[PDB]
Amino acid sequence: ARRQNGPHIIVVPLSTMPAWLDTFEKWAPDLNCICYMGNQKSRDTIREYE
DNA sequence: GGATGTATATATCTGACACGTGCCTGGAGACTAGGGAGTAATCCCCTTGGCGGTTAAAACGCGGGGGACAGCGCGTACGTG
């Protein structure tokens, strides 16, 4: 609505984070929501590929 | 009849003790000041019991091969007179 489609950050506990991921998959499927967890190489993969 | 082993008595060594003496250093008495005990406040560090998540280090198993150890020879360096 307000065209503020810039970078947003949501900081959640790790145990509830699948319960946020499926909520983003269900309610806002057109959004480019990404997940940031894992070891050094997975975060590097997210950093330089996405 | 001559020579030999043992037994009590007296002089000498030898560390310890009684007495003497100096003197100086420790003790008795009085006074004082300050060092340390006690109190209160404030703030930071440590204790004991929990939780969550990362992850690198610790634990375990197994092959193998390098090294510890035992045995044997030798010759020389050290023991002995």
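Each residue takes a number counted from 1 along its chain in the order the sequence is written, a numbering that need not match the entry; residues with no coordinates do not appear. Key to labels: chains lettered from A, ligands numbered from 1, both in the order written. Scope of values: limited to the chains shown, which are part of a larger assembly. Remark: hydrogens and water are excluded; side-chain values derive from all non-hydrogen atoms of the structure. Residues with missing side-chain atoms are left out of burial classes, side-chain pairs and their counts.

This deposited entry lists cryo-EM as its structure determination method and 2.90 Å as its resolution.

As recorded in the PDB entry, chain A goes by Chromo domain-containing protein 1 and comes from Saccharomyces cerevisiae.

Caption draft 1: Quick look at the layout of surface pockets. Each cavity reported here is a set of points on a 1 Å grid over the protein atoms alone in which a 1.4 Å probe fits but cannot get out, each pocket an open set with protein on both sides within 12 Å along at least five of seven lines, and each lining residue one with an atom within 4 Å of a point. Grid points are joined across faces, edges and corners, and a volume is the space filled by probe spheres set on the points. Of the volumes computed, that of the largest pocket is approximately 800 Å³. Taken together, 19 residues form the lining of the largest pocket, with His8, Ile9, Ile10, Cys33 and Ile34 sitting closest to its centre. Under the convention adopted here, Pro, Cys and the residues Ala, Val, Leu, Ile, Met, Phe, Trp and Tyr are nonpolar, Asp, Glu, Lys and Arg are charged, and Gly plus all remaining residues are polar. Each residue belonging to the lining of the largest pocket can be placed in one class, and the counts come to 14 nonpolar, four polar and one charged.

Caption draft 2: Structural view of the environment of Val12. Secondary structure elements are taken from DSSP: a helix is a run of H or I of four residues or more, a strand is a run of E of two residues or more, and numbering for both begins at the N terminus. Mapping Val12 onto the fold places it in the segment before α1 (17-27). Buried residues are those whose accessible area, probed at 1.4 Å on protein chains only, stays under 20% of the maximum for their type, while exposed residues exceed 50% and partly exposed ones sit between those limits. Its relative accessible area of 22% is what places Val12 among the partly exposed residues. Once residues within four sequence positions are removed from consideration, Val12 is found in contact with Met17 and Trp20. Residue contacts are counted whenever heavy atoms from the two residues lie within 4.5 Å of one another.

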